[PDB]
Ligand SMILES: Cc1nc2cc3nc(N)[nH]c(=O)c3cc2[nH]1
Ligand SMILES: Cc1nc2cc3nc(N)[nH]c(=O)c3cc2[nH]1
Ligand SMILES: [Zn+2]
Ligand SMILES: [Zn+2]
């Protein structure tokens, strides 16, 4: 396989479906990435993550640098070996997680991150898709502060590029994505886009969203923001999101996604279904022999009832967290597959309308 | 298969190896039963429990009556269906877990257990091996109190027998075990044995042990206690125990075992190895690429390092509990297989000596 190759196989409006080829495997787009911030997708074995259909998982520079240590993981053979996932891994750079200066950020032991240190940690982890070190701009932000923050992030983007490129092994076997900032402001988003494209990356993330602005506002920004990015490279919406966020985002040109919701909300009792989420702890499920969802093909829905999973979660049993998470990740992957197939078949717009009609009914 | 058939295939001294045939499957003896007190073997899917080699698991009347409810589980199709384990299940009767009288015991909602109610709950759960409702005598016990308690338990034994037999479906498809009491006193143990044999059961448990008396004292009581039981029926030592307890107990004639140690101690960081237990949280394991145990054939030892599992447990990750438990249950099942094979081959005494020499070195 090449280091990195993104190919678009079919389009409908702004939506795209295709593949990213990397040395460690292929990634079908639009893609959902399960989050595994401490070198584990919570409550799942990697083989289970894979069985659900995930092509790639996300790791986090910040968390792994604190525990178990980036150098430690390198010494042990890298993150893939350590956690037993041999397919691509994307690592966030820490920019979402202090003493701040133009040089970087110190967290308090006390810990330092910068473009250089972030990129190095990602190299020590052995990540396949490396994210530029940025500042995710808090929301709401005044235009001045959004601009200052965006500007610093673009300088940090160039520093991330150069650090990555200065490491032969990394530059030859991994990919590097830039992150667009600019808050909700079109001109800032354009300036950031231009800056990133001038540097040049393998992929472009839309950063700074999902941090309190609401879906209508998020979609609005995506409306003008994604067309600013190079069309021929993947578009990644960081940390998004609920099933309906994902559908709308793909409608606006997004190709990649990650979110803690399927895992986190699973362990707390929320199960995604095609009729909308349910909280399995609700007394109405105590004697419901139906599976979590009526159509889901996952192993959990093949074998156990709502009633059982209800008992498990109420009892605080670990099996409840395992089953809830396997289902929700599988659900998310089935959503992604339905999106890919519908775009490939030229009926994605219909799919999204039908989806919304049922999910919200 | 028959309702119940125990056959002994080979003996060495007091040790026996053979099989219990039941409608839901065969149980190889000497047997270790993983404990699953809230309708789950903690942190394992039933298919995983089975993959480790377990033939049967234990459930608990007391816990299941409180949560989720015995009647509820019957309404939902029984415990096998509910939790997805289709092989035999043994249920303890509640006698180890108040207002006490000759009639039974009230716990505080407020909850009542008696021979009749206990047996009925076990029927509602659909258990395959039903345990008589008893009183586990606290240790230490004076001879008078041990006798009074033992005597009450024998009366309760007859009541358990009659309740079981009064339920056609139960009597035809499940088995019933009596429990010997008598604390540490030979004459009381003999009297209890005689009483149980006079009633007649499919199996005989040694109760009242592992409740603080120490291995030397436990073995001493087993020395005279197990020969008192009918030789041609299984001998079950309730709640025992560590690997070395199990070896010594088989040397004294015990055929069946259950204990929370492999699961509980797993989630707390203790891993069983042929060189003795280790606590994986210990800093000395932080960069140890070796599997938990050097010979273990389990999937965990095939795929992950001590270092990784160390990280998981220290991080409080659910995967750490899952992997620790799978290994420890598999370890326990490999121990049972080595015991069965060595008795079958007439070299069990050598096996136990070699075992002790390494486990304690
Ligand atoms: C929900 C959400 N998660 C996010 C993660 C992010 N990471 C980076 N590096 N940069 C970001 O801007 C960023 C934004 C996010 N929003
Ligand atoms: C460690 C241990 N677990 C036990 C469970 C028991 N259950 C019953 N019914 N009766 C018992 O005597 C009994 C004794 C036990 N010892
Ligand atoms: Zn499902
Ligand atoms: Zn193992």
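We're sticking with Swiss-Prot numbering for chain B, so the shown stretch reads 11-107, 115-125, 131-383, in order.
Structure method, as recorded: X-ray crystallography, 1.8 Å.
Cβ atoms are placed via backbone N, Cα and C, with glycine included.
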If I go by Swiss-Prot, which of B:145, B:257, B:349 binds Zn(2+) at the same site as B:318, B:320, B:323? B:349
Which of B:79, B:225, B:230 shares the substrate site with B:102, B:103, B:104, B:105, B:106, B:156, B:203 per Swiss-Prot? B:230
Per Swiss-Prot record, range annotated region 'RNA binding' [choices B:275-279, B:280-284, B:285-289, B:290-294]: B:285-289
Residues from the same chain, set at least six apart from the ends of the region 'RNA binding' (B:261-267), whose C-beta lies under 8 A from its own: 106, 231-232, 237, 240, 276, 279-283, 294, 353-354, 357, 377-378, 381-382
What is the total of other Cβ atoms whose distance to the Cβ of residue B:203 (substrate binding site) is within 10 Å? 32
One of the binding-site residues B:318, B:320, B:323, B:349 has its Cα closest to the Cα of residue B:103 (substrate binding site), namely B:349
Around the Cβ of residue B:280 (active site, nucleophile), how many other Cβ atoms lie within 10 Å? Please give the count over every shown protein chain. 22
Helix-strand-coil residue split for the region 'RNA binding' (B:285-289), DSSP-based: 5 helix, 0 strand, 0 coil
Taking DSSP as the reference, which of helix, strand or coil describes residue B:323 (Zn(2+) binding site)? helix
Contacting binding-site residues, sequence order - B:102, B:103, B:156, B:318 vs ligand 2, Cβ under 6 Å: B:102, B:103, B:156
Tell me which of the binding-site residues B:105, B:230 sits in the most Cβ-dense spot, judged by other Cβ atoms within 10 Å. B:230
CA pair residue B:318 (Zn(2+) binding site) / residue B:230 (substrate binding site), Å rounded to integer, equals 33
